[PDB]
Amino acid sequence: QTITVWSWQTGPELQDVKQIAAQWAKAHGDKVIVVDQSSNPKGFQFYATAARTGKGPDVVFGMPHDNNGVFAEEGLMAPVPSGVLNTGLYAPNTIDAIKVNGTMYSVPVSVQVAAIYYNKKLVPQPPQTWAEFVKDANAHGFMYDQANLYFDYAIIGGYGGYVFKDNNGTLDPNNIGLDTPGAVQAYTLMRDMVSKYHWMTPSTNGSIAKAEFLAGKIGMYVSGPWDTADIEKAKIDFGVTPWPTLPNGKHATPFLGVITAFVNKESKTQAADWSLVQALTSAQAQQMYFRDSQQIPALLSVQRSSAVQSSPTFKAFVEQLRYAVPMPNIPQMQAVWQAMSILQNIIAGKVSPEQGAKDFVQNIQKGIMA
């Protein structure tokens, strides 16, 4: 009798999802319960853990697109019905992000590109070049989730590295670019931010950086709209700006992430499920999510709205979009996330950038047991 939605988005966006769900239930009669999985210890892949034993939700809301390759390969996702998605209403990369083996398996709700969040009280105007960045980082501090590939990939790609080679829109899982000479240069810079610039210590991570930023102790840190609520609560007069150009004069290449919503193949109420997904991902819903969290809408028409076009978050997004690399969504991407722990070793100076890079790729190539 009840439709269960698992949401990986929390805070104000979760409140909006609950509101929309309640309105939907009011018209349809079907009861709806929205569960917050954002802090679940098993992470995003918890959907697979649950669905593999037939204990998953009816609908999933707020799932980063890279995770869906696993879910789709295992047959845990209902293909999107014909006509539900109008590809012309999104940027090309946005729709490609929700396709697995050429089939659309989820609906785009938001698009994300990590950026530098800065404290205007400490840094009035944001740095754009590495030189300017060093000056501001030295003067007021800089920290981020340095050992997390999702964020530090911006540096890797900036030096020519890549995860899986993209050719003709298709990714080659065997052609990895995380150990190229360019990637090694990037890892060297990551280590340098600790050993040379002293902006961070080997223990610095995302949690610590966020805490320091909310306390007004550092002027810059790398984040996204998921922190909007907490930043405003801390009363930080924050700004958003693109990653600065790197020491090699090139632009950093942060990942492009697409937040998606989808239906469990095992759900007994597929038609109702897609109707609920439509309500949770409509232009109106996206307008709400933006107003309350600054999450950039996946729909181009909402991106072109006055509220979005005038925002600092969108300005940074549009400035980085051309350099953003969509996260791979093939199953092998999980092997990459699972082997990135070696980045910490490089940043701590326990292993050289060259050796660490080599082992990183070798570990990825071991793959994941089916």
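Each residue number is its position in the shown sequence, starting from 1.
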(request) Pick between 212 to 220 and 168 to 176: the one whose mean CA B-factor in the entry is higher. (result) 168 to 176
(message) If you average the CA temperature factors as listed in the entry, which stretch comes out higher, 348 to 356 or 5 to 13?
(response) 348 to 356
(message) Quiz for you: based on the deposited Cα B-factor, which of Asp192, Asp152, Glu266, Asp230 is highest?
(response) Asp230
(request) Return the residue from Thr253, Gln128, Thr94, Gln278 that has the highest Cα B-factor in the entry. (result) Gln128
(message) Per the entry's values, where does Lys31 land by CA temperature factor relative to the rest of its chain, in the lowest, middle or highest third?
(response) highest
(request) Select lowest, middle or highest to describe the third in which the CA B-factor of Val84 falls within its chain in this entry. (result) highest
(request) Give the position of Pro41 by CA B-factor within its chain, expressed as the lowest, middle or highest third. (result) highest
(message) Using only modelled residues of the chain, where does the Cα B factor of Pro225 rank: lowest third, middle third or highest third?
(response) middle
(message) Please place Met63 in the lowest, middle or highest third of its chain according to the CA B-factor in the PDB entry.
(response) lowest
